[PDB]
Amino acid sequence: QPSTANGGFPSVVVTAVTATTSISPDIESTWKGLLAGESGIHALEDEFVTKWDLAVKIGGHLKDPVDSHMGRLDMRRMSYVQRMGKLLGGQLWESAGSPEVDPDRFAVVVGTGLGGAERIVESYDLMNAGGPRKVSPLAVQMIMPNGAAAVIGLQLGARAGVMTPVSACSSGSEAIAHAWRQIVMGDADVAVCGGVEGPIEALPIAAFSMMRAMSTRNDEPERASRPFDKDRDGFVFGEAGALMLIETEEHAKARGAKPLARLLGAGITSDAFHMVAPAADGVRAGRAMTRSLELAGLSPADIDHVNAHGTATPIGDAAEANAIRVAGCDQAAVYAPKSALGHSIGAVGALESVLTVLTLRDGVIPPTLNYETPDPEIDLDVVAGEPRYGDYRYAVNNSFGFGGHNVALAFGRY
């Protein structure tokens, strides 16, 4: 039975990372912000909060808006997610030292939660005002939900597959999983992977609020997101997108890139339980963690760190706690980054994958913000108060989404 530890799969390393967040456009500044207990979440100033009388009045917009970096041409040929992908694509390649790779061994895997949804309302309004010929010959290529991956593959020259997995909130982790398969199966040597998501708008707030999924703790915006805390009351939106460069160890050596971490395995399962709620018993979600460990060649006793999905809903954090016990990883140091960065649906698995890699490289877990009263029924070792410096050898990043989609990624210290 092939594993990473026994040489059945080739060794895969993470050689570059890039992200844009509500704390910073630069991933290293974001990481420093996290370690100093900064939050990205504030009062929404947006005129549409008063327009619609929304229950929810908080969230984190990007520190540096994407469209600050976009001229008139970009602004009319691409959806927002494609613009975000082009920016992040371009940044990642520079950080990697702008290498010349073999196009035919190069893959792109990028997820989103939703896609170019603004551009269909637009295209419908143009056809209403002025007929079928007022639809852009370009329209298809903005509208298609593989759109951001298409733009990155085209921008960087990826010829060994450009894929887009959609699994709501676990999209950006699933992308990284499939990029890892694409390589250990022989289809590629190098891959760009991650996830992009649109900005905070009024409809998604309405849809998630109506589920009672979201915090309405508006008087203290930085204190709203409380994963695993006895007093949590739902999640908070925080904008993001993130990409990472992965490649075989042998490929990285040959080009002199220094690895940040290894990516060792991926497990994908599903709940078949409910369309939006996670399964309470956390069994299938725990099994995804186990599957990554099997494929890595690890035991649960090797897992020092879990980067939790921790959305801060009551049933969500309860289910994940069960998942972690089920996997046998409940002795692990836990971090819930959504406590500081919020939930960014399709992107967030990817950004948290980047945080997990930085935890391994730097031997430190930022504090989970607002964790002030352990829930009796959770019983996890949640990092809090200040960063915890520790000997972290292996970690699991969890990502679950609506539909009951479970993704777990096993990373190792290089």
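All residue numbers refer to positions in the sequence shown, first residue = 1.
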Requested in this report: With reference to the PDB entry, specify whether the mean Cα temperature factor is higher for 243-251 or for 120-128.
Outcome: 120-128
Requested in this report: Take the C-alpha B-factors listed in the entry for 392-400 and for 5-13, compute each mean, and give the stretch with the larger one.
Outcome: 5-13
Query raised in the report: Which one of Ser270, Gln331, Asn307, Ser225 shows the top CA temperature factor in the record?
Result: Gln331
Report summary line: Per the deposited B-factor column, the C-alpha that peaks among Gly265, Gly172, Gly316, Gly256 belongs to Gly256
Query raised in the report: Thinking about Cα B factors across the chain, which third does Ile205 belong to?
Result: middle
Query raised in the report: Split the chain's modelled residues into thirds by Cα B-factor; is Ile378 in the lowest, middle or highest one?
Result: highest
Report task. Sort the modelled residues of this chain by their C-alpha B factor and say whether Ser29 lands in the lowest, middle or highest third. Result -> middle
Requested in this report: Select lowest, middle or highest to describe the third in which the CA B-factor of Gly115 falls within its chain in this entry.
Outcome: highest
Query raised in the report: Split the chain's modelled residues into thirds by Cα B-factor; is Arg159 in the lowest, middle or highest one?
Result: lowest
